[PDB]
């Protein structure tokens, strides 16, 4: 039930190195119903952006929304998720299958690119968690 705008962001300090995720669930009247930031251990930049997507999807599914608008600032996640790009990387393939499994739970979905400054809150959640690692 209901629409949510789900922001997500990864942070990582190596290839791989210490990494974290951040995510924010907004209603349409603009309330932050839930948000999160967590350390995830060692991961690449691209892994952390995916892991933040998946954490956002899991939170939105938990809250039982039926219509999700994903908002993030990772080209690689967007292009792969929408099928514009593919990858050989079996790990990122698995993360896409997981994201798509989660998406199948919503009646409708979308994804939109926002500049990182627009994604400031998810970015702050990820980085504050990472700064504490």
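Residue numbers count along the first chain shown, from 1.
As listed in the deposited structure, the average C-alpha B-factor of 25-33 and of 62-70 is greater for 25-33. Remark: stretch with higher mean C-alpha B factor among 77-85 and 97-105 is 97-105. Compared with the other modelled residues of the chain, the Cα B-factor recorded for residue 124 ranks in the lowest third. Residue-level temperature factors show residue 51 in the middle third of its chain, judged at the C-alpha atom. Ranked by Cα temperature factor within the chain, residue 20 sits in the middle third according to the deposited record. Split the chain's modelled residues into thirds by C-alpha temperature factor. Residue 4 is in the middle one. When the modelled residues of the chain are ordered by C-alpha B-factor, residue 117 sits in the highest third.
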